[PDB]
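S.K.: Turn this into a model:
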Amino acid sequence: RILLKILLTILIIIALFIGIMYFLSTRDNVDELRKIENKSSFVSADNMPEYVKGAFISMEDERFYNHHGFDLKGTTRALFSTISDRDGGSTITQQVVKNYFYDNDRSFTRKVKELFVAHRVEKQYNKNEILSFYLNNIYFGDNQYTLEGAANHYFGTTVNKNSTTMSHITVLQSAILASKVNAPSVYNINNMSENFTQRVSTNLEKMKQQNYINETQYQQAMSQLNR
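M.R.: Numbers count the residues shown, from 1 in each chain. This is the structure:
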């Protein structure tokens, strides 16, 4: 029975190991997202075609508005399949937090602070705006980090439903960007591979699957792509 108590001490010590981790979370603030809500090229979600929105949602989080900034079962399955696939499963929120606080370093201990920062944003930000902070903060093909910052670069078009200037966003251009979110740099948006071409089709299929797009619009995104 003495052995079943040493399990305690360890777990309690793992338990407090995660306590201190909270202690650390403090030093970084929640406020950038308004600053990064200003940028050389900026946009908001509620002023973007929904299929652009789902172009990433479906991909990085099938049901992003449903979770409260954490996909505990899919995320577990995620890290359960990372080691078992080497191929989500962190939704859209944390992604921002990652790109926000710690771009240079990767770690588990980082993986943890990360989630404390996950709590701190759904509670300080609506699930539409965080989504947008996501898009106006990420790495695209060339040196672009907002969604609009690459839109004109590559597609010379616009992610604004409103935009009367630079051609309306297309569907068959939107998956390509869900790809982008991690696509660089082995994969390139200028000259693609054969497995590269593979994914967006998958990516699109969910936008169809989870119905961010009806049927008709999908083949017109499955035709112009193979030419």
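S.K.: Look up phi and psi at residue 166.
M.R.: Phi and psi for residue 166, reported as degrees, to the nearest 10, are phi -110, psi 80.
S.K.: How about the contacts made by it?
M.R.: Under the criterion of Cβ atoms under 8 Å, 6 or more residues apart in numbering, the neighbours of residue 166 are 151-152, 156-158. Where you see a C-beta, it was placed from the backbone N, CA and C, and this is true even at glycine.
S.K.: Please spell out which residues along the helix ranked longest in the chain are buried.
M.R.: Longest among the helix segments of the chain by residue count, using DSSP state H, is helix 3-25. Going by neighbour count (16 or more other Cβ atoms under 10 Å), the buried part of helix 3-25 is 21, 25.
S.K.: neighbouring contacts of it?
M.R.: 109, 112-113, 116-117, 120.
S.K.: now the residues you listed: which count as buried?
M.R.: So, by 16+ other Cβ under 10 Å, the buried ones in the contacts of helix 3-25 are 112-113, 116-117, 120.
S.K.: is it possible to export those residues to CSV including distance to residue 45?
M.R.: Listed next are the buried ones among the contacts of helix 3-25 as CSV, based on distance: Cβ to Cβ, whole Å:
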residue, distance to residue 45
112, 28
113, 26
116, 25
117, 20
120, 20
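S.K.: Let's check: the centremost residue of the protein is which one?
M.R.: Geometric centre of the chain, nearest residue: residue 92, 3.8 Å, by Cα atoms, centre = their mean.
S.K.: What spatial separation is found between it and residue 60?
M.R.: 5 Å (Cβ to Cβ, to the nearest Å).
S.K.: on that earlier part again, for the buried ones among the contacts of helix 3-25, which one is nearest residue 39?
M.R.: Of all the buried ones among the contacts of helix 3-25, residue 117 has the smallest distance to residue 39: 20.5 Å, by Cβ to Cβ.
S.K.: How about the contacts made by that closest one?
M.R.: Neighbours of residue 117 in contact, by Cβ under 8 Å, 6+ apart: 25, 28, 30, 94, 97, 100-101.
S.K.: Just the element for it, please.
M.R.: Using DSSP states H and E, residue 117 falls within helix 108-122.
S.K.: just how off-centre is that helix within its chain?
M.R.: What separates the centre of helix 108-122 from the centre of its chain is 15 Å, taken as Cα atoms, centre = their mean, to the nearest Å.
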